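Colleague: Pasting a structure below so you can have a look.
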Amino acid sequence: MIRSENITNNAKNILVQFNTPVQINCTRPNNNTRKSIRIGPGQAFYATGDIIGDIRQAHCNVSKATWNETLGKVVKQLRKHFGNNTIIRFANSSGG
Amino acid sequence: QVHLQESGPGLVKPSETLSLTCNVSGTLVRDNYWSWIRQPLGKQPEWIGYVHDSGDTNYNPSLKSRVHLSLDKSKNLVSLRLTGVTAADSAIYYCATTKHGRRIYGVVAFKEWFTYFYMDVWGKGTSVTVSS
Amino acid sequence: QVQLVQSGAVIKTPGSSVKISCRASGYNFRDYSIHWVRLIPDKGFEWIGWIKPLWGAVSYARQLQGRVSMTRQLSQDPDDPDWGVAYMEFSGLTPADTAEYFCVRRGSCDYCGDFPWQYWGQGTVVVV
Amino acid sequence: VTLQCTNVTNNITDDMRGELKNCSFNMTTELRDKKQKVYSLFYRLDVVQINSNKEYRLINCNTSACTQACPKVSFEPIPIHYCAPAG
Amino acid sequence: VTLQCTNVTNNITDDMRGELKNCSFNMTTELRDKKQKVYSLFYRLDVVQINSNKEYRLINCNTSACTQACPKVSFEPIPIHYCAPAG
Amino acid sequence: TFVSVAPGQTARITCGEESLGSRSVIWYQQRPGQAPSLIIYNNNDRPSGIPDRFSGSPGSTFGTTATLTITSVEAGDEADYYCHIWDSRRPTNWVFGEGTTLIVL
Amino acid sequence: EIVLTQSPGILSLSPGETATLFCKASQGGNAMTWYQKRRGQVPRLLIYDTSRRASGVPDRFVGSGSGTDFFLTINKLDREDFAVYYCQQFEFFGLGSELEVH
Ligand SMILES: *[C@@H]1O[C@H](CO)[C@@H](O[C@@H]2O[C@H](CO)[C@@H](O[C@@H]3O[C@H](CO[C@H]4O[C@H](CO[C@H]5O[C@H](CO)[C@@H](O)[C@H](O)[C@@H]5O)[C@@H](O)[C@H](O[C@H]5O[C@H](CO)[C@@H](O)[C@H](O)[C@@H]5O)[C@@H]4O)[C@@H](O)[C@H](O[C@H]4O[C@H](CO)[C@@H](O)[C@H](O)[C@@H]4O[C@H]4O[C@H](CO)[C@@H](O)[C@H](O)[C@@H]4O[C@H]4O[C@H](CO)[C@@H](O)[C@H](O)[C@@H]4O)[C@@H]3O)[C@H](O)[C@H]2NC(C)=O)[C@H](O)[C@H]1NC(C)=O
Ligand SMILES: *[C@@H]1O[C@H](CO)[C@@H](O[C@@H]2O[C@H](CO)[C@@H](O[C@@H]3O[C@H](CO[C@H]4O[C@H](CO)[C@@H](O)[C@H](O)[C@@H]4O)[C@@H](O)[C@H](O[C@H]4O[C@H](CO)[C@@H](O)[C@H](O)[C@@H]4O)[C@@H]3O)[C@H](O)[C@H]2NC(C)=O)[C@H](O)[C@H]1NC(C)=O
Ligand SMILES: *[C@@H]1O[C@H](CO)[C@@H](O[C@@H]2O[C@H](CO)[C@@H](O[C@@H]3O[C@H](CO[C@H]4O[C@H](CO)[C@@H](O)[C@H](O)[C@@H]4O)[C@@H](O)[C@H](O[C@H]4O[C@H](CO)[C@@H](O)[C@H](O)[C@@H]4O)[C@@H]3O)[C@H](O)[C@H]2NC(C)=O)[C@H](O)[C@H]1NC(C)=O
Ligand SMILES: *[C@@H]1O[C@H](CO)[C@@H](O[C@@H]2O[C@H](CO)[C@@H](O[C@@H]3O[C@H](CO[C@H]4O[C@H](CO)[C@@H](O)[C@H](O)[C@@H]4O)[C@@H](O)[C@H](O[C@H]4O[C@H](CO)[C@@H](O)[C@H](O)[C@@H]4O)[C@@H]3O)[C@H](O)[C@H]2NC(C)=O)[C@H](O)[C@H]1NC(C)=O
Ligand SMILES: *[C@@H]1O[C@H](CO)[C@@H](O[C@@H]2O[C@H](CO)[C@@H](O[C@@H]3O[C@H](CO)[C@@H](O)[C@H](O[C@H]4O[C@H](CO)[C@@H](O)[C@H](O)[C@@H]4O)[C@@H]3O)[C@H](O)[C@H]2NC(C)=O)[C@H](O)[C@H]1NC(C)=O
Ligand SMILES: *[C@@H]1O[C@H](CO)[C@@H](O[C@@H]2O[C@H](CO)[C@@H](O[C@@H]3O[C@H](CO)[C@@H](O)[C@H](O[C@H]4O[C@H](CO)[C@@H](O)[C@H](O)[C@@H]4O)[C@@H]3O)[C@H](O)[C@H]2NC(C)=O)[C@H](O)[C@H]1NC(C)=O
Ligand SMILES: *[C@@H]1O[C@H](CO)[C@@H](O[C@@H]2O[C@H](CO)[C@@H](O[C@@H]3O[C@H](CO[C@H]4O[C@H](CO)[C@@H](O)[C@H](O)[C@@H]4O)[C@@H](O)[C@H](O)[C@@H]3O)[C@H](O)[C@H]2NC(C)=O)[C@H](O)[C@H]1NC(C)=O
Ligand SMILES: *[C@@H]1O[C@H](CO)[C@@H](O[C@@H]2O[C@H](CO)[C@@H](O[C@@H]3O[C@H](CO)[C@@H](O)[C@H](O)[C@@H]3O)[C@H](O)[C@H]2NC(C)=O)[C@H](O)[C@H]1NC(C)=O
Ligand SMILES: *[C@@H]1O[C@H](CO)[C@@H](O[C@@H]2O[C@H](CO)[C@@H](O[C@@H]3O[C@H](CO)[C@@H](O)[C@H](O)[C@@H]3O)[C@H](O)[C@H]2NC(C)=O)[C@H](O)[C@H]1NC(C)=O
Ligand SMILES: *[C@@H]1O[C@H](CO)[C@@H](O[C@@H]2O[C@H](CO)[C@@H](O[C@@H]3O[C@H](CO)[C@@H](O)[C@H](O)[C@@H]3O)[C@H](O)[C@H]2NC(C)=O)[C@H](O)[C@H]1NC(C)=O
Ligand SMILES: *[C@@H]1O[C@H](CO)[C@@H](O[C@@H]2O[C@H](CO)[C@@H](O)[C@H](O)[C@H]2NC(C)=O)[C@H](O)[C@H]1NC(C)=O
Ligand SMILES: *[C@@H]1O[C@H](CO)[C@@H](O[C@@H]2O[C@H](CO)[C@@H](O)[C@H](O)[C@H]2NC(C)=O)[C@H](O)[C@H]1NC(C)=O
Ligand SMILES: *[C@@H]1O[C@H](CO)[C@@H](O[C@@H]2O[C@H](CO)[C@@H](O)[C@H](O)[C@H]2NC(C)=O)[C@H](O)[C@H]1NC(C)=O
């Protein structure tokens, strides 16, 4: 189901909710060391220590087939408010 | 079958231009990266570097200026051209072939991987020192 | 969860002194009165000692006053008040005391008294 | 405090921009009169270049000094059952 | 603050351990830029030895800095009559 | 650096800096007075021209030094070995490590 | 001092059944406690304050009794329980009751 405040206003957020979940695995592989520095009396500041292992970039993963099928389901239930001969595409965000 | 064959003048003057080449047997220069390694006497050797057609010609940044690597696609040989010799190049010099690979440690599509070379064969070694 | 770690098994010489740690983490430390016990080969049990760690007040069984002490160390930081370390300093060894020692807690049960000990440590044998 | 900061000891390629800045700085110690030189790793979205020499500062420090989370307190959401009062 | 501290001027015998340590230290003044050298007597259950030279610190200062009692407020117990609410 | 091992025993030769990334060590065998040669071309993969008992270090752990283990050393292993590291975190070492030599009784 | 005595001592029985240990303090009214110990491991608790078991132990173990007489009942003797079993108040312990595969 989609839900809206109302669809034809382009300021209020169309929010869509679906049935089957999409399992998303997200990870940081950079192995971190905690280090305590005492600031003064009892102010135990915490910092990163040394990076061991191999330095990478943290990243999220989703499966392809569930994403393609759930995007098919949300474009199927999003076409009902707009007429049936409607090309629907998706972009990323634009600024901010 | 492979065998290699270096060359050098050997006994040369300081501040000069040194040119060495290496010979082929069976294979060509198109199919493999080639590599040049020098070695001072009783010391650890030093890799000058490697060469390939189509731009795959990264040098050592230690020397970086006085070196020139080149192929010979007609004569099917490989050649180095050194200029301005100092006494630190008193060395056995070496031509070599190498094969590459992909050491891969993370995601492949974030460029979190690198290459290794390894020099499988060597030449005969040519003692070129510099004196008067 | 409530975890107790001991130290490894020490073979010793007669007349010497041993120090067995007992490091506890996983719970609010200053509620629970900690106890120390022995298991001899084929003798069943006997109890050594007990220590309240809010001030470290101790007591013993009758055959161990004046050769054994137990101290404790609290946590001196305002982030983790959970973990405590008890030391058992043991002097005056003899072939009779060839045994394994366990440090042990009153658990968090609703029908606890005091003395029903629940969580136990993994045990250290010492032979002289 | 003003930071003295460098790269982390990493094989740098020109296209990938470095995500770790290894900064070291002056910090007070438990005694107020002695001070220590300490070092930390920071992420590049939390440090700015103040104006050869590369001295840096934390990003919040021209807004408001601000608060460390305690590592006692967790961040995972427990459920909340909302419920209605009498009437 | 790091203390510079000595015995109190007393006839010392070897068996009796001295209960007073006379310490002088740096302390700030009302203006933040001037600082004064001041001296106090302290009891030896409140001063520990940090590591010829004998420099000392207060015992609490690797735990938490802590609070002076006000000399307005007294310490003697007034009685409290506990009493029951309605019902 | 000049570890002299009697034959039939087990040699363990170390070289190079401690590991800071995933490591791709190359070991070289050097016949004395002749040309050098290759012996180990990945961490623990051997190519042809040489049999087993040259076990390379697993480079997968962190904070280790490159160990090359030989068992049942013979007189043909009177050679000079060269470590050559290819780390992830470091730049490319264009210069090999130290000259370590194995002497057989 | 207060001395204990357990009733079976050594026992060599069959699986699947019920078994009542009985312990016998010398002055009554006590807070009775029960312990199951495997050989060479940590002893963990069964029963505190004569009746009530802990969390995470199976409900086949029930303690019972009063006064000077305390029963430890196990119904449906499973394969796990070939161990030794102790009973205690505070600073003493029993001799050790053992239940064996036969
Ligand atoms: C989100 O999605 C992304 C999208 O995929 C996920 O990304 C993947 O993530 C994983 C983990 O993060 C990455 O794995 C790491 O990289 C490699 C990948 O292995 C590939 O390459 C190996 C080498 O290929 C070469 O050889 C083969 C023939 O052997 C040849 O075909 C090829 O062209 C090339 O020439 C292949 O061996 C490897 O196959 C492996 O996996 C297959 C399927 O799983 C299996 O069928 C094979 O049999 C084999 O097992 C694959 O093609 C891994 O190799 C790497 O593991 C290294 O790193 C860790 C960290 O240190 C270490 O623990 C490992 O032991 C291993 O280190 C070895 O690397 C060197 C290889 O030479 C060797 O020198 C080292 O010493 C070490 O070798 C050790 O093990 C061997 C084997 O027992 C032993 O002989 C040695 O003595 C020594 O003990 C990592 O796992 C993926 O690359 C990445 N991308 C892709 C496209 O998959 C991401 O995970 C997702 N996120 C989440 C949270 O899920
Ligand atoms: C972020 O930036 C900080 C700088 O503020 C870096 O910290 C320094 O990093 C270097 C690199 O590791 C350290 O230098 C190394 O010190 C080792 C130990 O030295 C300490 O101990 C001796 C006493 O034993 C003191 O004299 C000394 O001052 C240090 O306190 C040495 O062993 C190292 O030598 C290396 O080479 C020899 C060659 O034979 C080998 O045998 C050794 O095994 C070793 O590999 C080296 O000199 C330096 O100590 C660090 N300073 C501090 C204060 O820690 C951080 O590294 C950087 N962050 C990251 C993640 O890299
Ligand atoms: C969110 O995530 C997406 C993808 O997950 C990101 O999208 C891509 O972002 C990159 C930039 O970060 C886009 O640009 C590409 O970058 C290449 C990097 O090359 C650098 O290095 C060389 C040499 O060092 C320089 O010459 C070069 O200018 C760069 O400095 C470029 O090389 C690419 O160039 C393309 O065009 C030229 C000719 O125009 C060709 O020569 C190249 O071969 C190549 O085809 C390219 O510009 C990339 O395009 C983005 N992807 C898409 C699909 O658009 C987002 O950036 C990311 N956003 C955030 C905020 O995280
Ligand atoms: C609580 O209160 C009680 C009493 O109120 C205290 O108990 C007494 O404490 C003292 C220690 O403080 C015990 O020890 C005695 O101290 C004497 C001090 O001599 C010192 O100086 C000389 C020379 O400088 C040194 O040689 C000596 O070693 C000391 O450094 C000792 O001399 C005493 O020795 C006894 O034995 C030797 C031989 O063994 C003889 O030569 C002596 O003459 C003497 O008989 C003695 O050791 C004293 O014993 C305690 N009293 C009791 C009854 O036990 C507690 O200490 C106190 N506790 C706290 C925490 O406040
Ligand atoms: C640490 O990171 C550095 C980042 O520069 C990295 O050096 C580069 O490594 C790669 C592979 O090891 C070198 O090879 C390139 O790979 C592609 C693959 O097809 C080729 O197309 C490249 O040719 C271009 O790049 C050269 C860069 O100067 C140009 O000179 C050339 O004309 C082409 O434009 C090339 O073969 C790459 O050359 C180096 N770059 C430098 C500057 O050395 C290094 O390998 C990493 N080291 C470790 C230990 O991780
Ligand atoms: C703290 O103090 C005492 C001593 O350790 C102990 O109190 C004991 O309480 C029970 C009951 O509260 C007393 O038991 C009585 O004794 C006669 C002896 O003939 C018995 O008939 C009875 O005991 C059982 O009967 C109850 C029903 O009436 C049962 O429900 C119960 O399980 C009893 O076992 C009778 O009640 C007992 O005499 C006192 N002990 C003394 C010395 O007075 C108390 O339990 C201790 N608490 C802890 C936590 O150890
Ligand atoms: C905050 O500061 C307080 C004082 O500045 C610290 O209090 C002190 O804490 C130590 C423990 O760290 C107590 O014990 C001392 O420890 C040393 C080391 O013990 C070694 O010797 C024994 C002897 O056999 C050996 O078995 C051990 O394994 C050790 O190797 C001893 O040498 C001392 O004599 C003393 O026993 C102090 O008693 C205690 N002092 C005071 C005044 O409280 C406190 O720990 C600090 N807190 C933090 C978090 O740093
Ligand atoms: C949403 O997706 C679009 C489609 O790709 C993104 O547009 C592209 O974004 C990159 C990153 O800004 C642009 O690359 C260029 O990189 C150089 C490197 O420093 C930089 O100097 C340039 O100014 C520019 O940033 C790329 O040109 C751009 N493509 C187009 C057609 O504009 C967009 O960034 C994405 N939005 C977000 C927030 O990621
Ligand atoms: C941590 O604190 C120390 C102590 O203040 C800092 O060291 C001091 O840094 C200043 C820079 O503002 C140094 O001044 C400069 O000295 C050079 C000669 O070394 C002189 O040519 C310049 O004109 C300038 O005056 C100062 O010398 C130095 N203190 C000492 C005793 O040498 C330090 O910068 C702080 N940060 C780190 C990361 O250590
Ligand atoms: C109160 O504050 C004053 C002002 O800082 C302190 O005086 C200073 O103490 C330092 C010790 O950390 C002195 O440094 C030493 O000086 C000697 C020569 O006198 C030199 O040989 C040593 O190498 C060391 O550098 C410093 O000179 C001194 N300041 C002055 C102006 O003389 C003082 O310690 C604090 N405490 C008390 C109890 O007064
Ligand atoms: C997210 O991670 C989980 C485990 O961390 C993955 O679940 C495994 O998936 C593989 C692929 O079918 C199975 O062989 C395993 O048995 C699964 N394990 C568990 C514990 O479920 C899951 O696939 C990951 N998500 C994605 C999109 O790859
Ligand atoms: C150290 O980090 C600095 C940045 O903090 C790097 O310096 C420049 O980074 C930009 C990336 O935006 C590159 O385009 C420039 O070419 C870099 N300048 C130089 C002189 O390299 C720098 O690469 C890092 N490494 C070193 C060794 O300085
Ligand atoms: C000043 O106080 C110090 C301690 O703060 C005294 O020094 C030592 O005190 C111990 C007592 O535990 C004696 O056993 C030592 O013999 C003392 N050392 C010396 C050199 O005397 C010291 O006695 C006090 N007085 C003086 C004049 O320094």
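Residues are referred to by chain and number: the chain letter is A, B, ... according to the order shown in the structure tokens, the number counts from 1 in that chain, and ligands are numbered separately from 1 in the order shown.
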Near chain B, which residues of chain D fall within 12 Å when you count only C-alpha atoms, and what do they look like as number ranges by chain?
Modeller: D: 11-13, 15-17
Colleague: Throw together the list of residues within 6 Å of ligand 7, counting only C-alpha atoms and all ligand atoms, and drop it here as an mmCIF file with N, CA and C atoms, in the first residue's frame.
Modeller:
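Saved file pocket_16.cif follows:
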data_model
loop_
_atom_site.group_PDB
_atom_site.id
_atom_site.type_symbol
_atom_site.label_atom_id
_atom_site.label_comp_id
_atom_site.auth_asym_id
_atom_site.auth_seq_id
_atom_site.Cartn_x
_atom_site.Cartn_y
_atom_site.Cartn_z
ATOM 1 N N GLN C 76 37.339 1.998 39.428
ATOM 2 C CA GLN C 76 37.535 3.413 39.692
ATOM 3 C C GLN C 76 37.451 4.133 38.359
ATOM 4 N N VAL E 48 48.834 11.025 48.234
ATOM 5 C CA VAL E 48 49.578 9.860 47.790
ATOM 6 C C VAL E 48 50.768 10.338 46.963
ATOM 7 N N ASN E 62 42.527 10.868 40.720
ATOM 8 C CA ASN E 62 42.347 9.940 39.617
ATOM 9 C C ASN E 62 41.036 9.177 39.706
#
Colleague: To check your reading of the model: which residues sit at most 12 Å from ligand 13 when counting only C-alpha atoms and all ligand atoms? Write the answer as number ranges by chain.
Modeller: E: 4-23, 42-44, 47-49, 52-56
Colleague: Using only C-alpha atoms and a distance of at most 6 Å, pull out the residues of chain D that contact chain A, as JSON, numbers by chain.
Modeller: {"D": [28, 29, 30, 40, 41]}
Colleague: Can you pull out every residue with an atom within 6 Å of ligand 8? Use only C-alpha atoms and all ligand atoms and format it as a list in words.
Modeller: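 Written in the requested form, the residues are residues 92, 93, 94 and 95 of chain A.
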Colleague: Could you save those same residues with N, CA and C atoms as a PDB file, in the first residue's frame?
Modeller:
ATOM      1  N   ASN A  92      18.141   9.353  -7.633  1.00  0.00           N
ATOM      2  CA  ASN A  92      18.583   9.547  -6.260  1.00  0.00           C
ATOM      3  C   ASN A  92      18.167  10.937  -5.837  1.00  0.00           C
ATOM      4  N   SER A  93      18.586  11.385  -4.658  1.00  0.00           N
ATOM      5  CA  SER A  93      18.130  12.681  -4.173  1.00  0.00           C
ATOM      6  C   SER A  93      18.837  13.820  -4.881  1.00  0.00           C
ATOM      7  N   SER A  94      18.371  15.045  -4.655  1.00  0.00           N
ATOM      8  CA  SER A  94      18.872  16.086  -5.536  1.00  0.00           C
ATOM      9  C   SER A  94      19.768  17.092  -4.854  1.00  0.00           C
ATOM     10  N   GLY A  95      19.743  17.201  -3.547  1.00  0.00           N
ATOM     11  CA  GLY A  95      20.597  18.180  -2.908  1.00  0.00           C
ATOM     12  C   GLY A  95      20.462  18.123  -1.405  1.00  0.00           C
TER      13      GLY A  95
END
Colleague: From the DSSP assignment of the backbone, select every residue of chain A that is strand (DSSP E or B), and format the answer as a PyMOL selection string.
Modeller: chain A and resi 2-3+15-16+24-27+31+34-38+44-48+52+59-62
Colleague: For the residues in the current selection, export C-alpha atoms as a PDB file, in the first residue's frame.
Modeller:
ATOM      1  CA  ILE A   2       1.013   3.524  -0.619  1.00  0.00           C
ATOM      2  CA  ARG A   3      -0.316   6.183   1.684  1.00  0.00           C
ATOM      3  CA  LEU A  15       5.131   6.965   1.995  1.00  0.00           C
ATOM      4  CA  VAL A  16       4.929   3.391   0.817  1.00  0.00           C
ATOM      5  CA  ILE A  24      19.627  -5.603   4.170  1.00  0.00           C
ATOM      6  CA  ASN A  25      23.089  -6.508   5.472  1.00  0.00           C
ATOM      7  CA  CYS A  26      25.330  -3.648   6.361  1.00  0.00           C
ATOM      8  CA  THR A  27      28.787  -3.718   7.806  1.00  0.00           C
ATOM      9  CA  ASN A  31      38.798  -3.408  12.907  1.00  0.00           C
ATOM     10  CA  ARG A  34      39.162   1.628  21.769  1.00  0.00           C
ATOM     11  CA  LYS A  35      41.548   3.810  23.742  1.00  0.00           C
ATOM     12  CA  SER A  36      40.807   5.705  26.922  1.00  0.00           C
ATOM     13  CA  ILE A  37      42.469   9.037  27.592  1.00  0.00           C
ATOM     14  CA  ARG A  38      41.902  10.648  30.952  1.00  0.00           C
ATOM     15  CA  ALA A  44      37.341   9.227  30.557  1.00  0.00           C
ATOM     16  CA  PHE A  45      37.469  10.369  26.940  1.00  0.00           C
ATOM     17  CA  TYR A  46      37.235   7.587  24.377  1.00  0.00           C
ATOM     18  CA  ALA A  47      38.993   7.622  21.025  1.00  0.00           C
ATOM     19  CA  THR A  48      39.910   5.390  18.150  1.00  0.00           C
ATOM     20  CA  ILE A  52      44.553  -3.196  12.266  1.00  0.00           C
ATOM     21  CA  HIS A  59      29.117  -0.711   2.915  1.00  0.00           C
ATOM     22  CA  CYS A  60      25.539  -1.940   2.649  1.00  0.00           C
ATOM     23  CA  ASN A  61      24.275  -4.966   0.677  1.00  0.00           C
ATOM     24  CA  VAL A  62      20.847  -5.917  -0.639  1.00  0.00           C
TER      25      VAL A  62
END
Colleague: Which residues sit within 7 Å of ligand 5, counting only C-alpha atoms and all ligand atoms, listed as a PyMOL selection string?
Modeller: (chain B and resi 55-58+114-115) or (chain D and resi 11-14) or (chain F and resi 86-92)
Colleague: Would you write out those residues with C-alpha atoms, as an mmCIF file, in the first residue's frame?
Modeller:
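Output file out_36.cif follows:
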data_model
loop_
_atom_site.group_PDB
_atom_site.id
_atom_site.type_symbol
_atom_site.label_atom_id
_atom_site.label_comp_id
_atom_site.auth_asym_id
_atom_site.auth_seq_id
_atom_site.Cartn_x
_atom_site.Cartn_y
_atom_site.Cartn_z
ATOM 1 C CA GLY B 55 51.230 2.047 -21.781
ATOM 2 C CA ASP B 56 51.820 -0.438 -18.941
ATOM 3 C CA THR B 57 55.239 1.058 -18.175
ATOM 4 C CA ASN B 58 55.428 2.163 -14.534
ATOM 5 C CA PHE B 114 46.063 -4.846 -6.090
ATOM 6 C CA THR B 115 48.458 -6.713 -8.320
ATOM 7 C CA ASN D 11 48.869 3.248 0.251
ATOM 8 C CA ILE D 12 47.291 6.352 -1.219
ATOM 9 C CA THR D 13 45.804 6.370 -4.682
ATOM 10 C CA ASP D 14 44.865 9.687 -6.214
ATOM 11 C CA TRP F 86 53.649 -6.739 -1.346
ATOM 12 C CA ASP F 87 51.424 -5.345 1.346
ATOM 13 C CA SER F 88 48.044 -3.732 1.196
ATOM 14 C CA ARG F 89 48.711 -0.800 3.444
ATOM 15 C CA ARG F 90 52.316 -0.034 2.453
ATOM 16 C CA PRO F 91 53.526 1.263 -0.887
ATOM 17 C CA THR F 92 55.367 -1.006 -3.302
#
Colleague: Leaving out region 4-11 of chain F and any residue of its chain fewer than 3 positions from it, which residues lie within 8 Å of it when counting only C-alpha atoms, given as an NGL selection string?
Modeller: :F and (69-75 or 102-105)
Colleague: Take the residues that were just selected and, keeping N, CA, C and O atoms, output them as a CSV table (one decimal), in the first residue's frame.
Modeller:
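Written output follows (part-v9.csv):
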chain,number,residue,atom,x,y,z
F,69,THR,N,59.1,-22.0,6.1
F,69,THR,CA,59.5,-23.2,6.9
F,69,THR,C,60.0,-24.3,5.9
F,69,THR,O,59.2,-24.6,4.9
F,70,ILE,N,61.2,-24.7,6.1
F,70,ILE,CA,61.7,-25.9,5.3
F,70,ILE,C,61.9,-27.0,6.3
F,70,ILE,O,62.2,-26.9,7.4
F,71,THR,N,61.5,-28.2,5.8
F,71,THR,CA,61.8,-29.4,6.6
F,71,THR,C,62.6,-30.3,5.7
F,71,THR,O,62.5,-30.3,4.5
F,72,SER,N,63.5,-31.1,6.4
F,72,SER,CA,64.5,-32.0,5.8
F,72,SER,C,65.4,-31.3,4.8
F,72,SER,O,65.3,-31.4,3.6
F,73,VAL,N,66.3,-30.4,5.3
F,73,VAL,CA,67.2,-29.6,4.6
F,73,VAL,C,68.3,-30.5,4.0
F,73,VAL,O,68.8,-31.3,4.6
F,74,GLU,N,68.6,-30.3,2.7
F,74,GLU,CA,69.6,-31.0,2.0
F,74,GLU,C,70.7,-30.0,1.6
F,74,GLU,O,70.6,-28.8,1.8
F,75,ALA,N,71.8,-30.5,1.0
F,75,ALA,CA,72.9,-29.7,0.6
F,75,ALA,C,72.6,-28.8,-0.6
F,75,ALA,O,73.3,-27.8,-0.8
F,102,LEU,N,71.5,-19.7,4.1
F,102,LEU,CA,71.3,-20.9,4.8
F,102,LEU,C,72.5,-21.8,4.5
F,102,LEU,O,72.8,-22.2,3.4
F,103,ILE,N,73.2,-22.2,5.6
F,103,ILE,CA,74.4,-23.0,5.5
F,103,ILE,C,74.1,-24.4,6.0
F,103,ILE,O,73.4,-24.6,7.0
F,104,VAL,N,74.5,-25.4,5.2
F,104,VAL,CA,74.2,-26.8,5.6
F,104,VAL,C,75.5,-27.4,6.1
F,104,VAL,O,76.6,-27.1,5.6
F,105,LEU,N,75.4,-28.3,7.1
F,105,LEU,CA,76.5,-29.0,7.7
F,105,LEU,C,76.9,-30.2,6.7
F,105,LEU,O,77.7,-30.0,5.8
Colleague: Can you tell me which residues surround region 93-96 of chain G at a distance of at most 10 Å, considering only C-alpha atoms, apart from same-chain residues fewer than 5 positions away, and format the answer as an MDAnalysis selection string?
Modeller: (chainID C and resid 42:47) or (chainID G and resid 2:10 23:25 33:37 83:88)
Colleague: Considering only C-alpha atoms, state which residue in the set C:105, C:5, C:117, C:79 is at the smallest distance from chain D.
Modeller: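 Residue with the minimum atom-to-atom distance to chain D: C:79.
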Colleague: As an mmCIF file with N, CA and C atoms, in the first residue's frame, please: every protein or nucleic acid residue near ligand 9 (cut-off 9 Å, counting only C-alpha atoms and all ligand atoms).
Modeller:
data_model
loop_
_atom_site.group_PDB
_atom_site.id
_atom_site.type_symbol
_atom_site.label_atom_id
_atom_site.label_comp_id
_atom_site.auth_asym_id
_atom_site.auth_seq_id
_atom_site.Cartn_x
_atom_site.Cartn_y
_atom_site.Cartn_z
ATOM 1 N N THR D 2 43.680 22.908 18.894
ATOM 2 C CA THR D 2 44.296 22.855 17.576
ATOM 3 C C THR D 2 45.016 21.548 17.345
ATOM 4 N N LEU D 3 44.755 20.937 16.208
ATOM 5 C CA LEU D 3 45.241 19.605 15.914
ATOM 6 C C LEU D 3 46.446 19.682 14.998
ATOM 7 N N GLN D 4 47.361 18.735 15.133
ATOM 8 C CA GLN D 4 48.401 18.516 14.134
ATOM 9 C C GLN D 4 48.069 17.185 13.500
ATOM 10 N N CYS D 5 47.782 17.180 12.211
ATOM 11 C CA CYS D 5 47.110 16.036 11.631
ATOM 12 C C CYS D 5 47.736 15.618 10.311
ATOM 13 N N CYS D 23 45.202 12.484 13.705
ATOM 14 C CA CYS D 23 45.579 13.747 14.307
ATOM 15 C C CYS D 23 46.155 13.479 15.682
ATOM 16 N N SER D 24 47.110 14.294 16.088
ATOM 17 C CA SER D 24 47.661 14.272 17.425
ATOM 18 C C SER D 24 47.599 15.675 17.985
ATOM 19 N N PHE D 25 47.447 15.774 19.300
ATOM 20 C CA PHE D 25 47.203 17.084 19.878
ATOM 21 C C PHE D 25 47.687 17.180 21.313
ATOM 22 N N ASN D 26 47.612 18.404 21.830
ATOM 23 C CA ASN D 26 47.782 18.674 23.246
ATOM 24 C C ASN D 26 46.502 18.379 24.005
ATOM 25 N N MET D 27 46.618 17.760 25.174
ATOM 26 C CA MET D 27 45.445 17.556 26.017
ATOM 27 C C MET D 27 45.891 17.602 27.460
ATOM 28 N N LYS D 35 50.592 18.161 31.069
ATOM 29 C CA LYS D 35 49.804 17.971 29.868
ATOM 30 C C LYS D 35 50.492 16.948 28.983
ATOM 31 N N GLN D 36 49.695 16.251 28.180
ATOM 32 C CA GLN D 36 50.181 15.101 27.446
ATOM 33 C C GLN D 36 49.917 15.287 25.971
ATOM 34 N N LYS D 37 50.743 14.629 25.187
ATOM 35 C CA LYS D 37 50.646 14.627 23.742
ATOM 36 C C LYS D 37 50.023 13.307 23.349
ATOM 37 N N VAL D 38 48.838 13.343 22.779
ATOM 38 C CA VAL D 38 48.128 12.101 22.530
ATOM 39 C C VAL D 38 47.687 12.090 21.076
ATOM 40 N N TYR D 39 47.321 10.917 20.563
ATOM 41 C CA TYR D 39 47.016 10.754 19.151
ATOM 42 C C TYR D 39 45.743 9.939 18.944
#
